[PDB]
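The chain below stands alone and is given as structure tokens, in the form deposited in one PDB entry.
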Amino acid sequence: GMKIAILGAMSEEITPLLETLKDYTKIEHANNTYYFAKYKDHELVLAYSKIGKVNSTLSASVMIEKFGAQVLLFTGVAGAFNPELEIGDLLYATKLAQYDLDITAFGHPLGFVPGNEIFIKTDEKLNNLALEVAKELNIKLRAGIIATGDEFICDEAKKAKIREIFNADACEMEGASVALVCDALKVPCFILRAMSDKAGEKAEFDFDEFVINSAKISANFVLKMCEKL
């Protein structure tokens, strides 16, 4: 089978994968750690992306240009903007934009730079595979538009504005950058996000506990995708 990159937006999302895989090697490279394992006739390369657009762009580029990944699966968390969503809901991104990429001073729309487009799409075949896996695991999986930028946004008015401009369902700091790298390098990309916060709700749950539970589900989910690839 093809070589598969598994990127996690938090180190806690990688831990349960490594525990399941058990036998793996690693290298320290690009001020990060990359892990190597065999699973179901696929070679895997895994890493925590590190935080934000630059870090995640670099990690994805290393996985493909250095380690030869042919597919990339990216698990993480996101803040929900769409009122229909709830804490813990799993979303796959259909397309993503950078809300903080701004040369609007020159008459361009927000998120656009010449040489690129506002939105980057993820891979349809991988998304359909994820829907199959969700069905087989009895997990609810929804499609959404993700806005990415290098701020952790707490301003409710800003969340509403990003939603309005991009029709964004959720928001995080690494998705669009990784999707762009993968598209540029002709590597199918899948982006999975668990909703870790809702716009206009005070949390009322422990984040650490949420992360551990969501990471367990996401780890099993992406390994099941690997098994079918």
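Each residue number is its position in the shown sequence, starting from 1. Whichever C-alpha set is largest while still superposing within 1.5 Å between the two forms counts as the rigid core. Shifts are known only where both forms have a C-alpha.
Of the two segments, 61-69 and 162-170, the one listed with the higher mean B-factor is 162-170 (C-alpha atoms only). Judged by mean Cα B factor in the deposited record, 131-139 ranks above the other of 131-139 and 89-97.
Of the candidates 202, 193, 53, 186, the one whose C-alpha carries the top B factor in the deposited record is 202. For the set 111, 76, 79, 83, the PDB entry puts the maximum C-alpha B factor at 83. In the deposited entry, the Cα temperature factor of residue 147 places it in the lowest third of its chain's modelled residues. Split the chain's modelled residues into thirds by C-alpha temperature factor. Residue 39 is in the highest one. Compared with the other modelled residues of the chain, the Cα B-factor recorded for residue 26 ranks in the middle third.
The same protein has a further form, the form deposited in another entry, not shown here; the description that follows concerns it.
Positional change of residue 28 between the shown form and the other one stays under 2 Å at the C-alpha, relative to the superposed core. A displacement of 2 angstroms or greater separates the C-alpha positions of residue 199 between the shown form and the other one, with the rigid core held in common. By 3 Å or more, the C-alpha separation between residue 205 and residue 133 grows in the other form relative to the form shown here. Contraction of the residue 77-residue 204 CA spacing by 3 Å or more is recorded in the other form, set against this form. Regions that shift between the shown form and the other one, defined as runs of three or more consecutive residues whose CA atoms all move by 2 angstroms or more after core superposition, reduce to a single one, 199-220.
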